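The figures here come from the full heavy-atom set of this structure, side chains too, leaving out hydrogens, waters and symmetry mates. Heads up: numbering here begins at 1 and tracks the sequence. In listed order, ligands and their atoms are each counted from 1.
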Amino acid sequence: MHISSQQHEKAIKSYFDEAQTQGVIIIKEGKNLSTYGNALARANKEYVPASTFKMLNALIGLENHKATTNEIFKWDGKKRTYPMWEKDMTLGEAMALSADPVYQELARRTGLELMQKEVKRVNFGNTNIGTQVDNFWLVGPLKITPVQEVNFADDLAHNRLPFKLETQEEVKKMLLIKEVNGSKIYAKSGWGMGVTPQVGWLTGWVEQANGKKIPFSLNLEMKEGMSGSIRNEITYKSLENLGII
Ligand SMILES: *C(=O)[C@@H]([C@@H]1NC(C(=O)O)=C(S[C@@H]2CN[C@H](CNS(N)(=O)=O)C2)[C@@H]1C)[C@@H](C)O
């Protein structure tokens, strides 16, 4: 195809520039990683995974029978940070709404010891969860790089993680966020508001009509009065610019 890589690089940098943030999107094609955006050096820097960890929390919870995909986690009736969270949901609904109370309950069912062992076993990020089973993904000590995140998405997309195949398919079904003319986008968003500066994530893959999977991971700095939806907007623009969707 005819567009220069100079032009692709410049167009993708501009999407980050126009959102007035600093960020990177890593794309993996087969075994080859490509890094785009306006702060390339973020690629191998460690950030908290924030809600991207829901993906692994779900794998672990499901593998270890801490929940089923149809179980309804009841709202306890206490005020939640966001009103969309004050309702009863499955893991899948909770994943789409990035509902931390559901995933905090799941983590507590799993428990500190099984959680530390499982995160070590899958080798996620720096693999350190500390001593608090319900908050290690927001504010430390667990960290991961944008490169390690596309490599996780690539593992999940191909069923290579060390979990039952059915566990992995179950979670993957939870992650479908967009269909764009025959392509399907599976991804999990992330927003660490605790840490300073804030981190935004969108990690996932595109499944093309012909079955090919192209993993990506977007990582940027969120600032106050950014809508969470630039994460998606920058991502879809980047994938469209590259002819992936
Ligand atoms: C985890 O990162 C964090 C969740 N995650 C998100 C998120 O959007 O990734 C939120 S923001 C909350 C849920 N989505 C609503 C906004 N929609 S959008 N399209 O982003 O504008 C509000 C929340 C901080 C957990 C750990 O708190």
Side-chain angles (χ1 to χ4, degrees), residues 15-16 19-21 23 25 42 46-61 73 75-76 78 80-110 115 119 124-125 129-130 132-146 148-150 152-153 156 171 174-180 185-205 216-223 225-239:
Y15 311 138
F16 293 81
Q20 308 220 53
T21 177
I25 180 165
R42 300 180 66 94
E46 294 195 328
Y47 302 99
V48 297
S51 292
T52 62
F53 190 72
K54 286 180 185 32
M55 294 190 287
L56 179 54
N57 195 344
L59 293 156
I60 291 167
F73 289 70
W75 177 43
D76 65 355
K78 306 199 189 299
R80 299 269 126 104
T81 312
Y82 308 95
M84 51 160 66
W85 296 350
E86 290 168 357
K87 63 151 151 157
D88 307 325
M89 56 200 113
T90 61
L91 285 183
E93 292 153 358
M95 184 83 74
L97 300 179
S98 210
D100 209 50
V102 176
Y103 280 90
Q104 271 182 290
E105 162 69 4
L106 184 67
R108 296 170 178 124
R109 295 184 183 186
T110 293
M115 190 71 92
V119 172
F124 183 88
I129 73 169
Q132 317 214 248
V133 85
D134 47 31
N135 99 150
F136 65 85
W137 56 83
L138 278 174
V139 82
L142 183 67
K143 303 290 181 78
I144 189 170
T145 67
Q148 276 158 351
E149 286 236 351
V150 243
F152 177 87
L156 186 51
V171 170
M174 302 177 190
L175 290 172
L176 174 63
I177 57 159
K178 181 132 182 146
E179 299 174 58
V180 201
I185 302 164
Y186 293 81
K188 180 68 194 79
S189 71
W191 192 343
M193 310 182 185
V195 283
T196 314
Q198 300 185 356
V199 58
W201 283 104
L202 189 57
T203 296
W205 62 97
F216 62 84
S217 178
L218 167 115
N219 169 287
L220 49 67
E221 175 167 309
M222 302 294 283
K223 327 262 201 280
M226 295 196 142
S227 162
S229 84
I230 33 81
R231 296 165 302 172
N232 302 71
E233 277 153 26
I234 293 179
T235 299
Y236 306 153
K237 285 212 258 165
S238 297
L239 299 164

Relative to the ring of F53, is the ring of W137 parallel (under 30°), tilted (30 to 60°) or perpendicular (over 60°)?
parallel
Geometric class of the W205/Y186 ring pair [parallel <30°, tilted 30-60°, perpendicular >60°]
parallel
For [atom], find the nearest protein heavy atom and state the residue, atom name and distance (0.1 Å precision).
{"atom": "atom 25 (C) of ligand 1", "value": "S51 OG, 3.4 Å"}
{"atom": "atom 20 (O) of ligand 1", "value": "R231 NH2, 2.7 Å"}
{"atom": "atom 21 (O) of ligand 1", "value": "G228 N, 3.4 Å"}

What residues form a ring pair (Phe, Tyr, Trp, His ring centres under 6.0 Å) with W201, not counting sequence neighbours?
none
Which is closest to atom 27 (O) of ligand 1 by heavy-atom distance: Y82, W191, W85, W137?
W85
For atom 15 (C) of ligand 1, state which one of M226, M84, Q198 supplies the nearest heavy atom.
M84
Which atoms of ligand 1 have any heavy atom of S189 under 4.0 Å away?
7 (C), 8 (O), 9 (O)
Short list, please: which atoms of ligand 1 are under 4.0 Å from a heavy atom of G190?
2 (O), 9 (O)
Among all residues two or more places apart in sequence or in another chain, which pass the side chain to side chain donor-acceptor pair (under 3.5 Å) test with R109?
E71, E105
Will you find, in the side chains of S51 and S98, an N or O donor that is under 3.5 Å from an N or O acceptor?
yes
Assess, by modelled atom type and distance only, whether the side chains of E46 and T145 contain a donor and an acceptor separated by less than 3.5 Å.
no
Is there a polar contact, in the sense of an N or O pair closer than 3.5 Å, between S98 and ligand 1?
yes
Below 4.0 Å, non-hydrogen atoms only: which portion of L97 touches ligand 1? Side chain, backbone, both or neither.
backbone
